[PDB]
Amino acid sequence: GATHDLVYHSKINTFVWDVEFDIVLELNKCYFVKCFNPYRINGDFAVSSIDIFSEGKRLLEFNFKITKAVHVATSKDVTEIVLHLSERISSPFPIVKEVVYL
Amino acid sequence: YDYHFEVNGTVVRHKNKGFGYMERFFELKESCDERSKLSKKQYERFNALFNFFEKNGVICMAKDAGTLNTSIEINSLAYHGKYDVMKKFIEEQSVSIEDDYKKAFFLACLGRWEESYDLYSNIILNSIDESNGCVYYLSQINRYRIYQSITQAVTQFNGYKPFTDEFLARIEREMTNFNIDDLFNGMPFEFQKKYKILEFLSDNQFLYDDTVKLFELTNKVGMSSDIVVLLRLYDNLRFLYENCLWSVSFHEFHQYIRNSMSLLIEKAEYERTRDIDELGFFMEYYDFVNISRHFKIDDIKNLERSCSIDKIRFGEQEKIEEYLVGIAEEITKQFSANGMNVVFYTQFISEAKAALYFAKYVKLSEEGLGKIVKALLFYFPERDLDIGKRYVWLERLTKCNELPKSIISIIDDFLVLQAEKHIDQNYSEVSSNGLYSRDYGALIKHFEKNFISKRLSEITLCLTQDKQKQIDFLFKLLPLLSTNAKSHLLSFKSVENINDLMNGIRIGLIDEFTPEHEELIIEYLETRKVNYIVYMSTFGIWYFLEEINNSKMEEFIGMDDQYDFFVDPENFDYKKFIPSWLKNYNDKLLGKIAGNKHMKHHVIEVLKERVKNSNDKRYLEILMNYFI
Amino acid sequence: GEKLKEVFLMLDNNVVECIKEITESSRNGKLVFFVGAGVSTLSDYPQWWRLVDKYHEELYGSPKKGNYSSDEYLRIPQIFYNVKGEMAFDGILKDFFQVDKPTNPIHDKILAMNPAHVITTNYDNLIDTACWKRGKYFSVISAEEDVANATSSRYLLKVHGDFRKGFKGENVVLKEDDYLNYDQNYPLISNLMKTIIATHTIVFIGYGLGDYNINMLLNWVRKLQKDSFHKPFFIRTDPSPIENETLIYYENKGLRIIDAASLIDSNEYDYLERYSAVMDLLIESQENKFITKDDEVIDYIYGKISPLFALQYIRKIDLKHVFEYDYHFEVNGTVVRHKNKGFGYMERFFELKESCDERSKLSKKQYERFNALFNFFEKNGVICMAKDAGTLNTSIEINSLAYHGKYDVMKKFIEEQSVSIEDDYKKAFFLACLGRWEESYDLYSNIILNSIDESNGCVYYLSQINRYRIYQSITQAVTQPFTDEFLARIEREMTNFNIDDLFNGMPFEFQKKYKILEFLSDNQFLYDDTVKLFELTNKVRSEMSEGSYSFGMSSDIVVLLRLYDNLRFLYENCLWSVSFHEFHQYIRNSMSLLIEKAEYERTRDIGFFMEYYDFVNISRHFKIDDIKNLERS
């Protein structure tokens with residue numbers, strides 16, 4: 001029940017909200033940031049560039065079946081809503097934890 | 001409640017029942033003959049009042065005008081930064097109590113709050129006997145202001161110990177019942193009518209009047225209200241800085257300047273963009289200093305995402321250059337050896353971050369950009385500005401200016417320095433963006449395109465196979481080094497890695513399609529078919545831009561619709577293409593989707609449909625710039 | 001802390017009463033301390049017996065055989081002054097009294113009881129320079145011509161003089177010689193001392209019972225009449241407990257003894273902890289950490305809220321100024337805590353509001369007071385604190401016939417006969433609204449003339465303010481209708497109006513109970529929510545350029561509810577200052593930026609649902625061109 005922090009940042013169709021992922025792509029304590037550089041010099045052809053953290057970079061292969069998501073500072077895992085918002089949005093990385101907006 | 005005194009120096013009359021005495025004053029000021037017919041002492045007094053009203057800018061009344069010019073000039077070394085001159089001015093010996101007062105304010109500005117408190121208390125103790133109690137009264141006020149400053153310093157920074165707990169208990173012992181509201185109403189009879197106008201300095205929320213005047217600049221409005229509010233703004237800054245008041249640093253003032261040039265810039269935006277019908281705010285040095293100092297970084301970003309500041313012209317570029325060279329030089333002295341005064345650090349870093357953010361629009365010079373870029377990359381600390389945001393700031397700086405050779409040499413020195421810090425196999429490369437040093441390489445590959453590194457090539461020639469991260473840092477920055485170096489680390493290659501070297505091309509492998517690797521792409525598509533029968537769009541994009549020459553990707557169409565969307569555009573059904581899928585493409589890729597014929601005919605319909613649905617304007621801006 | 005709590009539990013009845021009257025006299029702004037040497041000598045200040053020593057052995061040689069009696073303390077230096085000379089006497093005074101001693105910590109708490117005046121029998125620079133440091137001004141008087149320059153209304157009455165004008169024996173009262181003819185050398189400090197003593201609450205701290213000053217004062221007050229003077233207080237900090245008989249005797253001459261030796265258990269040379277024992281027992285009574293049970297919390301709220309049972313509606317910004325920098329009162333009806341050192345009394349109030357059982361266990365009168373405070377805080381919308389929420393609803397309702405137009409009902413309400421002075425007040429405001437300024441002026445003047453005798457001067461004060469407001473209205477009407485008899489009469493009688501000291505001429509009751517109404521004697525009190533509108537500028541109006549459907553609570557509901565707080569204040573308290581240009585400026589710009597931000601909110605796709613009150617505000621406070629400007633924006 002952490003809908004009081006859930007945004008729908010929609011220049012890049014994300015959901016900026018601090019959760020902590022547990023993925024199988026086996027890992028623990030993953031959180032994501034995303035960029036918005038549409039004027040990126042020589043950096044593939046995409047604006048958004050994920051920068052997956054695992055307390056530092058993972059140095060990234062990828063099937064991203066998330067196993068356990070839990071909201072920071074208010075517990076009781078929000079995994080059903082993460083699957084629901086994963087089902088609605090057909091994009092890479094629905095729940096991103098920060099957005100830079102370059 | 002006599003004559004209204006206007007913001008341009010003019011005087012109009014109001015509620016004065018009696019002789020026009022200002023009128024006889026200005027008539028005696030104009031003609032010398034009437035000025036002559038007077039006794040000695042009050043002719044000298046007329047010279048004194050004359051010097052006063054020319055010093056405060058108050059000129060002849062509203063009967064005669066046309067040459068109304070307002071050249072604003074804050075002559076204070078605390079406004080222009082000038083920190084090394086400030087310290088220099090501190091260490092001399094005082095001769096007067098006014099010198100004591102300015103030294104107390106200057107020393108208060110540059111992070112030294114204790115000695116300024118003590119010098120304040122010295123002014124209180126050594127001027128109570130002497131008359132004209134303004135310097136005394138202002139010293140008292142400022143002493144309580146710096147007391148609130150210090151207790152704010154133990155309010156926040158303990159949430160390292162800046163001050164010792166002897167001083168922090170002494171002032172808390174002596175200043176913990178301060179009720180300033182009757183301070184002026186305990187001053188003598190002389191100081192209760194002569195300096196009766198200073199009664200707002202025993203309060204803080206005296207900002208009300210010009211704040212409501214800003215709301216005229218809201219309330220929905222030759223000469224406009226802009227020059228009124230701007231000159232009243234400069235009146236405020238010249239007051240709080242030339243009278244050396246410490247209440248300039250509290251939050252209400254930064255609130256006021258913040259919102260003031262917020263609405264001035266928003267109204268210039270609402271002024272030149274009046275061109276519905278027929279078809280401003282020229283920056284000077286003081287506007288640059290105010291934007292750098294009183295705004296924050298996010299707020300200047302907010303002004304850029306609200307008002308087109310690229311339209312806004314800039315003047316006096318050499319003095320702005322002196323402020324930026326001075327601000328970078330003071331960064332250099334801040335981190336040459338030592339001096340990390342945490343107070344002055346927090347202030348000076350906020351100003352330096354904002355000024356270097358706003359320095360994009362400024363036409364810098366050769367050596368200026370040299371000192372700025374050098375102090376930005378080398379000396380400027382971490383934990384506030386990290387290595388990705390130095391590409392934000394740096395690329396922001398190094399786009400408006402045509403890059404000189406020395407700047408590329410300095411950035412090369414930064415890359416060699418980062419390689420010399422990748423000699424330890426624990427170097428984290430922290431980044432709050434996701435931008436990294438490969439983008440620094442991309443910068444040099446953008447503005448030179450033919451740059452061969454020399455000493456980095458020497459590092460790759462003496463490269464040893466015992467430091468993997470070092471090799472990796474030489475391996476992401478691949479298109480910069482010599483051919484023998486290419487033999488050396490291109491020997492250090494693993495070709496079986498399909499989609500690491502892909503997954504984000506993390507090394508810059510887009511330089512070549514080494515043909516076994518594109519056949520590797522093809523056989524990967526065969527493996528896709530294999531693990532079908534009973535990331536990926538990038539492959540499709542690499543077919544879309546005429547890069548991979550094998551066409552049999554049409555056999556692998558049937559799993560990903562976006563794969564069909566870049567491989568076979570004709571036969572793909574343009575009725576279930578999700579639009580989402582377009583807010584994540586580059587300007588070149590959207591330009592080349594716009595460069596087709598059967599693509600555009602359908603995406604105009606779907607994109608216009610999603611624009612037409614509620615209000616989506618990413619689709620409308622792409623629709624008006626790429627697709628049209 | 002807990003020790004002094006037990007001291008408060010183990011007080012006598014009369015002691016607790018004395019703590020009450022010293023504390024409430026501290027709260028009235030009327031509490032004059034008459035301090036002495038025992039307060040000043042714990043800053044290690046040289047006492048007089050050392051000077052009788054040094055002037056003695058510089059007179060006779062031959063150090064003292066036994067001890068000195070009373071008169072020798074005045075007699076032996078007097079000998080020196082007559083025989084040895086001026087400059088030797090002033091030189092020895094210059095030696096012993098050239099000290100730069102720091103302050104006694106009880107000086108901090110004497111000056112923390114909000115004193116009206118400070119009368120001293122000292123010779124130093126401790127209290128005054130301590131007052132310069134603690135940012136107050138006390139008029140430092142030590143001479144005849146110092147009285148003529150009474151630079152403030154707070155006096156530091158040094159009745160014996162001071163060494164400010166040099167270390168000269170001519171300047172201070174030390175010899176016998178000045179105690180003999182004291183009513184011939186300082187006649188005006190005498191008259192001012194009698195003045196301040198007769199007109200205040202006097203507290204004696206640092207003296208011995210039988211000191212010559214106290215003997216003179218008791219002689220004078222026994223020459224006075226007996227119904228008239230306020231009996232002063234004697235705080236006795238001696239090493240010995242006072243016996244009952246001299247206590248009863250000094251109760252009969254007019255003093256009230258609060259003993260300090262009988263409250264604590266202290267040593268013989270332990271003065272400082274005894275001074276600080278009584279003085280902290282007073283300070284903590286101000287800070288109300290001695291408030292423990294139901295009848296102690298429910299009255300302290302009542303004693304600050306029963307004044308505001310008269311007004312119709314009070315803002316939630318000013319209600320912070322009622323409970324002086326206590327709990328922050330938010331714009332949704334929630335209460336959060338801030339700077340309250342003491343018992344959570346609002347917390348016990350809301351817990352007593354929730355459960356009925358604790359609400360039951362109380363006496364009759366203050367259960368009725370709890371019903372009254374309850375009706376108040378539900379009427380102003382102030383609900384339970386931030387620990388429990390979710391049903392936070394703000395249904396705004398201005399119940400006034402001057403907001404909804406209702407002009408025919410207004411005239412109908414005018415023509416009936418009044419029964420109260422409040423009915424007179426609303427009829428005056430209504431009749432002022434519908435273009436009738438003269439009869440509303442006269443009815444205002446009727447409220448001034450017929451409520452000056454009766455208490456609770458809020459209706460009186462607001463009538464005065466509104467009468468000047470309607471005066472400014474009428475002179476605006478001849479600035480830009482009325483007969484020139486009236487227009488010359490009010491211009492005859494209202495042409496020097498300086499409202500700035502009107503509230504600071506109101507009685508002691510109307511200077512603290514309705515102290516929050518002090519902005520009504522001004523106009524540019526709109527500053528706060530105006531800067532809050534600039535938060536709605538400061539770019540949380542950023543929210544367009546980045547897509548953000550941010551589902552929660554923004555600054556919009558804050559500024560909107562503060563707007564409705566403003567309108568409900570100025571219309572339900574029937575204030576005529578709602579029609580002046582600054583208010584229309586404020587509402588104008590307020591819904592300007594609210595509508596502009598809703599424009600900067602739904603168009604983030606790279607709100608502001610109108611009700612009746614929004615329609616009335618748009619029609620009334622905007623102009624035609626400005627609504628056109630909103631349509632073109």
# chains A, B, ... in the order shown; residues from 1 in each chain; ligands from 1
>>> interface_residues(of="chain C", to="chain B", cutoff="7 Å", atoms="only C-alpha atoms", output="MDAnalysis selection string")
chainID C and resid 112 133:137 151:152 527 534 538:539 542 545 589 603 605:606 626 629
>>> write_last_selection(atoms="N, CA, C and O atoms", output="compact mmCIF listing (two decimals), in the first residue's frame")
# COMPACT_ATOMS: atom_id res chain seq x y z
N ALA C 112 14.73 36.04 32.69
CA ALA C 112 13.86 35.13 31.97
C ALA C 112 12.45 35.04 32.56
O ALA C 112 11.69 34.15 32.17
N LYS C 133 23.34 41.90 26.64
CA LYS C 133 23.60 40.64 25.97
C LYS C 133 22.31 39.88 25.70
O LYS C 133 22.17 39.25 24.65
N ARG C 134 21.34 39.95 26.61
CA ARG C 134 20.08 39.24 26.38
C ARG C 134 19.07 40.08 25.61
O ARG C 134 17.86 39.81 25.67
N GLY C 135 19.53 41.12 24.92
CA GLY C 135 18.75 41.83 23.93
C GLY C 135 17.53 42.60 24.39
O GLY C 135 16.70 42.97 23.56
N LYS C 136 17.42 42.87 25.68
CA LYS C 136 16.37 43.76 26.15
C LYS C 136 16.99 45.12 26.43
O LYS C 136 18.22 45.27 26.43
N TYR C 137 16.15 46.12 26.66
CA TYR C 137 16.65 47.38 27.19
C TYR C 137 15.96 47.67 28.51
O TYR C 137 14.73 47.77 28.58
N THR C 151 14.84 56.83 28.68
CA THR C 151 14.89 56.53 27.25
C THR C 151 13.94 55.42 26.84
O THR C 151 13.70 55.21 25.65
N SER C 152 13.39 54.69 27.81
CA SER C 152 12.41 53.65 27.52
C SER C 152 11.37 53.62 28.63
O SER C 152 11.32 54.51 29.49
N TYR C 527 1.44 38.97 4.04
CA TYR C 527 2.76 38.54 3.55
C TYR C 527 2.97 37.03 3.49
O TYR C 527 3.51 36.52 2.50
N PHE C 534 4.21 31.88 -3.70
CA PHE C 534 5.47 31.73 -4.41
C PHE C 534 6.10 30.35 -4.26
O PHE C 534 6.94 30.01 -5.08
N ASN C 538 7.60 28.40 -7.00
CA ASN C 538 8.94 27.82 -6.97
C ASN C 538 8.85 26.33 -7.25
O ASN C 538 7.93 25.64 -6.81
N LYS C 539 9.62 25.93 -8.21
CA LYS C 539 9.04 25.14 -9.29
C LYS C 539 8.77 23.71 -8.88
O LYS C 539 9.42 22.76 -9.33
N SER C 542 7.23 22.74 -11.38
CA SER C 542 8.13 22.14 -12.36
C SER C 542 7.45 21.00 -13.09
O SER C 542 7.98 20.49 -14.07
N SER C 545 7.04 19.64 -17.20
CA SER C 545 8.03 19.24 -18.18
C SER C 545 8.48 17.78 -18.06
O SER C 545 9.46 17.39 -18.70
N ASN C 589 -4.34 37.05 -7.39
CA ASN C 589 -3.12 36.35 -7.74
C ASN C 589 -3.14 34.90 -7.28
O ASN C 589 -2.51 34.04 -7.89
N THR C 603 -1.34 19.32 -18.12
CA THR C 603 -0.58 19.42 -19.36
C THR C 603 0.87 19.00 -19.13
O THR C 603 1.76 19.46 -19.84
N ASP C 605 1.51 16.04 -19.81
CA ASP C 605 1.48 14.85 -20.65
C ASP C 605 2.45 14.95 -21.81
O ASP C 605 2.06 14.69 -22.95
N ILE C 606 3.70 15.32 -21.57
CA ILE C 606 4.81 14.98 -22.43
C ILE C 606 5.11 13.51 -22.20
O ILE C 606 5.32 12.75 -23.14
N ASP C 626 -9.39 40.47 -16.38
CA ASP C 626 -8.56 39.41 -15.82
C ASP C 626 -9.12 38.03 -16.10
O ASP C 626 -8.36 37.08 -16.29
N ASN C 629 -8.14 37.45 -19.39
CA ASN C 629 -6.73 37.10 -19.38
C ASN C 629 -6.50 35.65 -18.97
O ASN C 629 -5.58 35.00 -19.47
>>> residues_around(residues="residue 21 of chain C", least_positions_apart="3", cutoff="12 Å", atoms="only C-alpha atoms", output="PyMOL selection string")
chain C and resi 14-18+24-28+30-31+200-203+230-233+256+282+285-286
>>> closest_residue(among="C:525, C:548, C:379, C:35", to="residue 16 of chain A", atoms="only C-alpha atoms")
C:548
>>> select_by_dssp(residues="chain A", states="alpha helix (DSSP H)", output="JSON, numbers by chain")
{"A": [79, 80, 81, 82, 83, 84, 85, 86, 87, 88]}
>>> closest_residue(among="A:56, A:87, A:99, A:30", to="chain C", atoms="only C-alpha atoms")
A:99
>>> interface_residues(of="chain C", to="chain A", cutoff="7 Å", atoms="only C-alpha atoms", output="ChimeraX atom specification")
/C:546-552,606
>>> write_last_selection(atoms="N, CA, C and O atoms", output="tab-separated table (two decimals), in the first residue's frame")
chain	number	residue	atom	x	y	z
C	546	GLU	N	7.80	16.97	-17.25
C	546	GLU	CA	8.32	15.63	-17.06
C	546	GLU	C	7.28	14.53	-16.85
C	546	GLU	O	7.61	13.48	-16.29
C	547	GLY	N	6.06	14.73	-17.31
C	547	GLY	CA	5.16	13.59	-17.38
C	547	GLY	C	4.39	13.24	-16.13
C	547	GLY	O	3.42	12.48	-16.20
C	548	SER	N	4.78	13.81	-15.01
C	548	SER	CA	4.52	13.21	-13.72
C	548	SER	C	3.07	13.23	-13.30
C	548	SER	O	2.58	14.22	-12.76
C	549	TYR	N	2.35	12.15	-13.56
C	549	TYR	CA	1.12	11.95	-12.82
C	549	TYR	C	1.47	11.58	-11.39
C	549	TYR	O	1.57	10.39	-11.07
C	550	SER	N	1.65	12.57	-10.53
C	550	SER	CA	2.06	12.30	-9.16
C	550	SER	C	0.82	12.21	-8.27
C	550	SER	O	0.26	13.23	-7.87
C	551	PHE	N	0.39	10.99	-7.97
C	551	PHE	CA	-0.83	10.81	-7.20
C	551	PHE	C	-0.59	10.92	-5.69
C	551	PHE	O	-0.07	10.00	-5.07
C	552	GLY	N	-0.96	12.07	-5.13
C	552	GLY	CA	-0.96	12.37	-3.71
C	552	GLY	C	-1.48	13.74	-3.35
C	552	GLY	O	-2.47	14.21	-3.91
C	606	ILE	N	3.70	15.32	-21.57
C	606	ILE	CA	4.81	14.98	-22.43
C	606	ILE	C	5.11	13.51	-22.20
C	606	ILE	O	5.32	12.75	-23.14
